[PDB]
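Here's the structure we're looking at; comments come further down.
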Amino acid sequence: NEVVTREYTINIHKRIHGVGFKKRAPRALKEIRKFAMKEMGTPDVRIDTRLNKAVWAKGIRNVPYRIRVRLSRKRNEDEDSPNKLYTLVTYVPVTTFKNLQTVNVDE
Amino acid sequence: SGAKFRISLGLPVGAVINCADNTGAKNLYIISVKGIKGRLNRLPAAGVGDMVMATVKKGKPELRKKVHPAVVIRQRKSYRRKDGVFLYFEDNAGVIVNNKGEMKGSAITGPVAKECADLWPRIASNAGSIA
Amino acid sequence: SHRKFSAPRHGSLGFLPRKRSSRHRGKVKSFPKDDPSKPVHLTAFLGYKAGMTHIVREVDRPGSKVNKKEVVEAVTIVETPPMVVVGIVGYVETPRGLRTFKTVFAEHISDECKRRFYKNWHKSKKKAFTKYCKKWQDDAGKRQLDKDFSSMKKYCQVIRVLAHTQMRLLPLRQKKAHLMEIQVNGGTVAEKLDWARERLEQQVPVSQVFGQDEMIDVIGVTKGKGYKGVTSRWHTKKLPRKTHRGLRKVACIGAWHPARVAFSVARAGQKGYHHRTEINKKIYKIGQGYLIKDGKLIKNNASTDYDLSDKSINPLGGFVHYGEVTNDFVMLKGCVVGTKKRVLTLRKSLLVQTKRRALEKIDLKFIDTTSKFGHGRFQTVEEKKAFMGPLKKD
Amino acid sequence: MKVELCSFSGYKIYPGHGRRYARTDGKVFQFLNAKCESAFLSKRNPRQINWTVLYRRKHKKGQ
RNA sequence: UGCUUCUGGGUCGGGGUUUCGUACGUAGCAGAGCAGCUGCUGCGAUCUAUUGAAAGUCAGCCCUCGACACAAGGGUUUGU
RNA sequence: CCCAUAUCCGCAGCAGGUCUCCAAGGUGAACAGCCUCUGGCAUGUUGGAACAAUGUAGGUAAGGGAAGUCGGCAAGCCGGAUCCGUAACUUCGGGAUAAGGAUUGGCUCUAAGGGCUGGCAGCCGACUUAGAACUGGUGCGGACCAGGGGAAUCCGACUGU
Ligand SMILES: [Mg+2]
Ligand SMILES: [Mg+2]
Ligand SMILES: [Mg+2]
Ligand SMILES: [Mg+2]
Ligand SMILES: [Mg+2]
Ligand SMILES: [Mg+2]
Ligand SMILES: [Mg+2]
Ligand SMILES: [Mg+2]
Ligand SMILES: [Mg+2]
Ligand SMILES: [Mg+2]
Ligand SMILES: [Mg+2]
Ligand SMILES: [Mg+2]
Ligand SMILES: [Mg+2]
Ligand SMILES: [Mg+2]
Ligand SMILES: [Mg+2]
Ligand SMILES: [Mg+2]
Ligand SMILES: [Mg+2]
């Protein structure tokens, strides 16, 4: 179970509450990366570019309130890396955030 | 016997209020307030029921260029009562009186605050309505 | 030369230094003077600031403008679940002042109280009092305890109990209990110790310490506000807008001589989080906590003789930033120090209360339980649902 | 203490809530909050504001 | 202040509360009129119903015990 | 080759100075301001975390309204356009946007204002103006742009330096 995938909703709204306009989206990324490390316990967190695009899709200050993400913990193929597992964060387009839970995804 | 309670003061010195009687004066310009000891840099302030010293800026010539005793009957600044009600009026008004507290005129236009009416029976008798 | 116009100085030099309180829990500096002719009783209590509301009552003040008239008065709700007496501490009068003489502790102490003895409960083995407790369990140790009690009867002049709070009944994150000494006033010293010894490990409700319409003192730490300038800390006049180098200042901090800044001049620093003792806060109501009776939750502790609605003291949505008050509470007129969740020390009056305002009897006609999270306009959810009718959620 | 009704929104005002307005023509109004007060003072008709009691009655929403 | 009593906090969800004020779409022989075809079909700000709707709401709001994982750890010191 | 918030002069990759040519769409009177395309850049000699005082630069404030101060300094008010209206005084040119009012959105229409081919017919067209209905929680020069006014006294005619 080192390799595992789960889906989460991250309440970006309470993560960046009170942040300045020019730091709001840049801090959402830092909060997503911080979220991923906490859940998967993996210092090597790689944010997908599409997830980067979703967070910035409304500019630097009007960041989306909620965002559904998939956390895949994968083995690292670089023998030179000090970390043997890395977490990949991908964007999940959802129409509605109502009633969404944390679910396991099996491939 | 029953003393009035503190209310918010909305009329510092220099406030020009309406004159709500039939004396002839249109407005009253407050130059001081009765009973104010005050402190450094603090303007004397007046609320409903307070006797003040005022001049007439607009009105009959005989009433202008002299100091009258007046009483504030309405104020635009909202003041709390002991029943928790915050009351305010559409305008700031007063009536010219003498040192004894009896009106110089005979009629009052608009309502009169209950705080002033209880304190000045001569003004109360002339009030068309009480708030 | 003399200052041109007279003006009183800003602030009181009697509350100096304006520093951060060394204690988070309010300290009783003076207990009420002991009167050996009264029955044994406690003189203080611990409660937690839940929040503020307002009430309606008819005043009884002959010769007043509000005699036989209803008024709206603000009140503070302080949640005061029963405390547990866990020890007795004796004091001996010496020519250097009171000196602690002997402390005894009950055989059992809950984990809430034991948490007080640790800085890291997680990492601790919870060894506190594990060897002291064995003294009550054997004949040799028991024979030493009563000797300690006998010694306290011979020599001590002041007796205090060690009561702590029960944090498992409050809605707060904190689980460590607040433990304080309460002085036992009343009869002889022997009667004090007999009274205290029977109450080890027992619970003491607030109703056994205070009563309705009683004037008490509230001791606590004020809300902290951090580094503040003289304009906010001391309330000095703002300098004109043209001032170069800032106007939220005191322009002259002293004369040439003495060639020093005096202790009586306003300076920047800590504002708030000060220890304070406030007196003459009347008790408007000693409310009962929730009870399950015949399978029904009885919680209408906010009902009055004139309002029979089955509602608790909690406003709609609960007490903002506090939680839900499901324990006994004391309704204090006006405001008290501290934030929400702050632990307040309740103390009996050091004065003789002979004044109409001190002796007036409070009869609440109404207690406002509207939501404080906004401009709430409904007293109860039943009242709201009846006004609105069915909604899309239904 | 009797409960007033907001002159604009028709909601009822419990003691120690809202404000009272006395106009120079002798009419006296009670307002639940500054939102109801602001609408009344800007001469908005309550029968067109969806959340008032006069609107819902006119449009039979409760009925 | 918190960091295993099948317990703890945390995240998400749900509910309460509260703010604004009635969402998109769909329907309407409601709409000042105008255009084309012999009453119908188009364009049309707005109006009505769905719809006190939609949206937000602790980040320092209140209650959950639904879902998810995590939590029995690490470092430096200290002795009459 | 640079031709200038880094190739020049100011001791320097210095917010200063230093002569020119070309010059898109929208709004608008407009080379105004605001947004965009072509072309260009990486925030101006560093970053991270906090969000105390005191600052610098922006705002908002109940009731009063210059009581502040040497002094209304500062800020604030006014502001576009259309229609109406406009005094003292005057060197008859002005004063004058004197002062003072009203109006302004969206949508659906009505009328008027032309060219070419052969008092008429057909075919083409360019933005304008005026009027009317309807319509929104009276909001409409909705951002941007954008005069506060009046009564006087002294001095110097004015524009210019
Ligand atoms: Mg002064
Ligand atoms: Mg002196
Ligand atoms: Mg200067
Ligand atoms: Mg509140
Ligand atoms: Mg910058
Ligand atoms: Mg940079
Ligand atoms: Mg540079
Ligand atoms: Mg720089
Ligand atoms: Mg103001
Ligand atoms: Mg105002
Ligand atoms: Mg002056
Ligand atoms: Mg002065
Ligand atoms: Mg100026
Ligand atoms: Mg002029
Ligand atoms: Mg002259
Ligand atoms: Mg000149
Ligand atoms: Mg020259």
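Identifiers for the structure tokens are assigned positionally: chains receive A, B, ... in sequence, residues are indexed from 1 per chain, and ligands are indexed from 1 in the order shown.
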Chain D: which residues are strand (DSSP E or B) by DSSP, as a PyMOL selection string?
chain D and resi 4-5+12-13+19-22+28-31
Set out as CSV a contact list for chain F and ligand 6 with a cut-off of 12 Å, giving each residue of chain F that qualifies its closest atom pair and distance in Å to one decimal, counting only C-alpha atoms (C1' of nucleotides) and all ligand atoms, ordered by chain and rising residue number.
residue,atom,partner,partner_atom_place_in_ligand_line,distance
F:42,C1',ligand 6,1 (Mg),7.3
F:43,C1',ligand 6,1 (Mg),6.4
F:44,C1',ligand 6,1 (Mg),8.4
F:45,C1',ligand 6,1 (Mg),10.8
F:46,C1',ligand 6,1 (Mg),7.8
F:47,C1',ligand 6,1 (Mg),8.6
Env. residues ligand 1 / 12 Å / only C-alpha atoms (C1' of nucleotides) and all ligand atoms / as a PyMOL selection string
(chain B and resi 39-43) or (chain C and resi 4-7+237-240) or (chain F and resi 67-69)
Long-range neighbours of residue 4 in chain A as an mmCIF file with N, CA and C atoms, in the first residue's frame, 8 Å cut-off, only C-alpha atoms (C1' of nucleotides), 5 positions minimum in chain:
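What follows is the written file part_18.cif:
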data_model
loop_
_atom_site.group_PDB
_atom_site.id
_atom_site.type_symbol
_atom_site.label_atom_id
_atom_site.label_comp_id
_atom_site.auth_asym_id
_atom_site.auth_seq_id
_atom_site.Cartn_x
_atom_site.Cartn_y
_atom_site.Cartn_z
ATOM 1 N N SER A 72 -1.818 10.661 -5.724
ATOM 2 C CA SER A 72 -1.243 9.368 -6.074
ATOM 3 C C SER A 72 0.166 9.310 -5.509
ATOM 4 N N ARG A 73 0.399 8.383 -4.587
ATOM 5 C CA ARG A 73 1.734 8.137 -4.066
ATOM 6 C C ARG A 73 2.399 7.062 -4.914
ATOM 7 N N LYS A 74 3.519 7.409 -5.540
ATOM 8 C CA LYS A 74 4.172 6.542 -6.509
ATOM 9 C C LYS A 74 5.620 6.343 -6.104
ATOM 10 N N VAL A 105 -9.164 5.434 -4.740
ATOM 11 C CA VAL A 105 -9.208 5.171 -6.173
ATOM 12 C C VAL A 105 -8.249 4.028 -6.460
ATOM 13 N N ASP A 106 -8.753 2.978 -7.098
ATOM 14 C CA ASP A 106 -7.971 1.783 -7.392
ATOM 15 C C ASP A 106 -7.792 1.663 -8.898
#
Would you write out, as a Markdown table, a table of all residues in chain D that have an atom no more than 10 Å from an atom of chain E, listing for each the closest atom pair and the distance in Å to one decimal, considering only C-alpha atoms (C1' of nucleotides) and ordering rows by chain and rising residue number?
| residue | atom | partner | partner_atom | distance |
| --- | --- | --- | --- | --- |
| D:49 | CA | E:21 | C1' | 8.1 |
| D:50 | CA | E:21 | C1' | 6.9 |
| D:51 | CA | E:52 | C1' | 6.1 |
| D:52 | CA | E:52 | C1' | 9.3 |
| D:56 | CA | E:52 | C1' | 9.3 |
| D:61 | CA | E:52 | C1' | 9.4 |
Expected file contents, prior selection, N, CA, C and O atoms, as a CSV table (one decimal), in the first residue's frame:
chain,number,residue,atom,x,y,z
D,49,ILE,N,-39.4,44.4,-2.5
D,49,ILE,CA,-38.2,43.8,-1.9
D,49,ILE,C,-38.6,42.4,-1.5
D,49,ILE,O,-39.4,42.2,-0.6
D,50,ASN,N,-37.9,41.4,-2.1
D,50,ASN,CA,-38.5,40.1,-2.1
D,50,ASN,C,-38.6,39.5,-0.7
D,50,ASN,O,-39.4,38.6,-0.5
D,51,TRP,N,-37.8,39.9,0.2
D,51,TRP,CA,-37.7,39.2,1.5
D,51,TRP,C,-38.5,39.9,2.6
D,51,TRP,O,-38.4,39.5,3.8
D,52,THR,N,-39.3,40.9,2.3
D,52,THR,CA,-40.2,41.5,3.3
D,52,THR,C,-41.5,40.8,3.4
D,52,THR,O,-41.9,39.9,2.7
D,56,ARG,N,-44.2,39.3,0.3
D,56,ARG,CA,-44.7,37.9,0.3
D,56,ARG,C,-46.2,37.9,0.4
D,56,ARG,O,-46.8,37.0,-0.2
D,61,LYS,N,-46.8,34.4,-1.5
D,61,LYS,CA,-45.7,33.4,-1.4
D,61,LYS,C,-46.0,32.4,-0.2
D,61,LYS,O,-46.0,31.2,-0.4
Counting only C-alpha atoms (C1' of nucleotides), collect the residues of chain A whose closest atom lies at most 8 Å from chain E, and write them out as a PyMOL selection string.
chain A and resi 8-10+13-17+39+98-103
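The residues of range 17-131 of chain B that DSSP classifies as alpha helix (DSSP H), using the backbone of this structure, are residues 114, 115, 116, 117, 118, 119, 121, 122, 123, 124, 125 and 126 of chain B.
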Using only C-alpha atoms (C1' of nucleotides) and all ligand atoms, which residues have at least one atom no more than 8 Å from ligand 3? Output them as a ChimeraX atom specification.
/C:242-244
So that I have them on file, write out the residues from the current selection with N, CA, C and O atoms, as a compact mmCIF listing (two decimals), in the first residue's frame.
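Result file again35.txt:
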# COMPACT_ATOMS: atom_id res chain seq x y z
N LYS C 242 0.07 68.15 10.57
CA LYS C 242 1.32 68.66 10.00
C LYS C 242 2.56 68.11 10.69
O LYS C 242 3.66 68.33 10.20
N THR C 243 2.41 67.40 11.81
CA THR C 243 3.57 66.96 12.57
C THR C 243 4.50 66.11 11.72
O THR C 243 4.08 65.13 11.11
N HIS C 244 5.77 66.50 11.69
CA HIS C 244 6.79 65.68 11.07
C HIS C 244 7.25 64.61 12.05
O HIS C 244 7.36 64.86 13.25
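Take CA of residue 377 in chain C and CA of residue 85 in chain B: the distance between them is 15.7 Å.
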Skipping near chain neighbours, those fewer than 6 positions away, what residues fall within 12 Å of residue 16 in chain F using only C-alpha atoms (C1' of nucleotides), listed as a PDB file with C-alpha atoms (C1' of nucleotides), in the first residue's frame?
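Below is the file selection20.pdb, written as the result:
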ATOM      1  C1'   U F   5      14.960  52.879 -15.732  1.00  0.00           C
ATOM      2  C1'   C F   9      27.022  62.604 -19.246  1.00  0.00           C
ATOM      3  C1'   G F  10      26.239  62.849 -13.957  1.00  0.00           C
TER       4        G F  10
END
Within 9 Å of range 361-373 of chain C, counting only C-alpha atoms (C1' of nucleotides), which residues qualify if same-chain residues fewer than 4 places away don't, as a ChimeraX atom specification?
/C:53-60,70,212-213,283-285,302-307,311-320,357,377-380 /D:1,14-16 /E:17-18,61
For the residues selected in the previous step, produce a file with C-alpha atoms (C1' of nucleotides) as a PDB file, in the first residue's frame.
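What follows is the written file out_22.pdb:
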ATOM      1  CA  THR C  53     -26.601  38.894  26.170  1.00  0.00           C
ATOM      2  CA  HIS C  54     -29.253  41.282  27.439  1.00  0.00           C
ATOM      3  CA  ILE C  55     -32.311  40.788  29.612  1.00  0.00           C
ATOM      4  CA  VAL C  56     -35.546  42.595  30.415  1.00  0.00           C
ATOM      5  CA  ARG C  57     -36.618  43.292  33.977  1.00  0.00           C
ATOM      6  CA  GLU C  58     -38.805  45.683  35.938  1.00  0.00           C
ATOM      7  CA  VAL C  59     -36.813  47.971  38.209  1.00  0.00           C
ATOM      8  CA  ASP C  60     -37.815  48.662  41.822  1.00  0.00           C
ATOM      9  CA  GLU C  70     -38.977  47.640  32.292  1.00  0.00           C
ATOM     10  CA  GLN C 212     -29.246  35.357  43.807  1.00  0.00           C
ATOM     11  CA  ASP C 213     -28.866  39.158  43.722  1.00  0.00           C
ATOM     12  CA  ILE C 283     -25.613  38.224  40.200  1.00  0.00           C
ATOM     13  CA  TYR C 284     -28.789  38.323  38.121  1.00  0.00           C
ATOM     14  CA  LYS C 285     -29.326  34.570  37.908  1.00  0.00           C
ATOM     15  CA  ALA C 302     -33.421  30.658  30.017  1.00  0.00           C
ATOM     16  CA  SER C 303     -37.147  30.678  30.764  1.00  0.00           C
ATOM     17  CA  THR C 304     -38.547  33.210  33.223  1.00  0.00           C
ATOM     18  CA  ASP C 305     -41.787  33.462  35.174  1.00  0.00           C
ATOM     19  CA  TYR C 306     -43.115  35.635  32.333  1.00  0.00           C
ATOM     20  CA  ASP C 307     -41.638  33.699  29.383  1.00  0.00           C
ATOM     21  CA  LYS C 311     -35.276  27.503  25.606  1.00  0.00           C
ATOM     22  CA  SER C 312     -31.806  27.302  27.098  1.00  0.00           C
ATOM     23  CA  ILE C 313     -29.385  30.157  27.686  1.00  0.00           C
ATOM     24  CA  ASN C 314     -27.537  29.345  24.473  1.00  0.00           C
ATOM     25  CA  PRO C 315     -28.370  31.682  21.571  1.00  0.00           C
ATOM     26  CA  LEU C 316     -29.128  30.382  18.106  1.00  0.00           C
ATOM     27  CA  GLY C 317     -25.890  29.091  16.652  1.00  0.00           C
ATOM     28  CA  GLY C 318     -24.349  28.934  20.123  1.00  0.00           C
ATOM     29  CA  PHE C 319     -22.076  31.333  21.935  1.00  0.00           C
ATOM     30  CA  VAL C 320     -19.798  32.815  19.303  1.00  0.00           C
ATOM     31  CA  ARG C 357     -28.655  48.953  44.237  1.00  0.00           C
ATOM     32  CA  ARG C 377     -34.048  38.175  14.881  1.00  0.00           C
ATOM     33  CA  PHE C 378     -35.518  34.905  16.229  1.00  0.00           C
ATOM     34  CA  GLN C 379     -35.494  33.763  19.840  1.00  0.00           C
ATOM     35  CA  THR C 380     -35.827  30.047  19.010  1.00  0.00           C
TER      36      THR C 380
ATOM     37  CA  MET D   1     -42.282  44.866  26.898  1.00  0.00           C
ATOM     38  CA  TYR D  14     -37.560  42.251  20.404  1.00  0.00           C
ATOM     39  CA  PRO D  15     -36.510  44.565  23.240  1.00  0.00           C
ATOM     40  CA  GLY D  16     -33.042  46.022  22.844  1.00  0.00           C
TER      41      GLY D  16
ATOM     42  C1'   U E  17     -26.377  29.924  12.543  1.00  0.00           C
ATOM     43  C1'   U E  18     -25.809  34.043   9.574  1.00  0.00           C
ATOM     44  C1'   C E  61     -18.561  30.807  14.479  1.00  0.00           C
TER      45        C E  61
END
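If one restricts the calculation to only C-alpha atoms (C1' of nucleotides) and all ligand atoms, the set of residues situated within 12 Å of ligand 15 consists of residues 152, 153, 154 and 155 of chain F.
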Please list as an MDAnalysis selection string every residue within 8 Å of range 133-144 of chain F, counting only C-alpha atoms (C1' of nucleotides) and excluding residues in the same chain fewer than 4 positions away.
(chainID D and resid 44:45 48:49) or (chainID E and resid 32 45:46) or (chainID F and resid 33:34 80:81 104:109)
Please tabulate, as a tab-separated table, the residues of chain D that come within 12 Å of range 383-386 of chain C, each with its closest pair of atoms and the distance in Å to one decimal, counting only C-alpha atoms and ordering rows by chain, then residue number upward.
residue	atom	partner	partner_atom	distance
D:11	CA	C:384	CA	11.0
D:12	CA	C:384	CA	11.4
D:62	CA	C:386	CA	11.3
Output the neighbourhood of ligand 13 as a PyMOL selection string, that is, all protein and nucleic acid residues with some atom at most 8 Å from the ligand, counting only C-alpha atoms (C1' of nucleotides) and all ligand atoms.
chain F and resi 72-75
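Using only C-alpha atoms (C1' of nucleotides), the protein and nucleic acid residues lying no more than 12 Å from residue 73 in chain E, apart from those fewer than 3 places from it along its own chain, are residues 122 and 123 of chain C; 3 of chain E.
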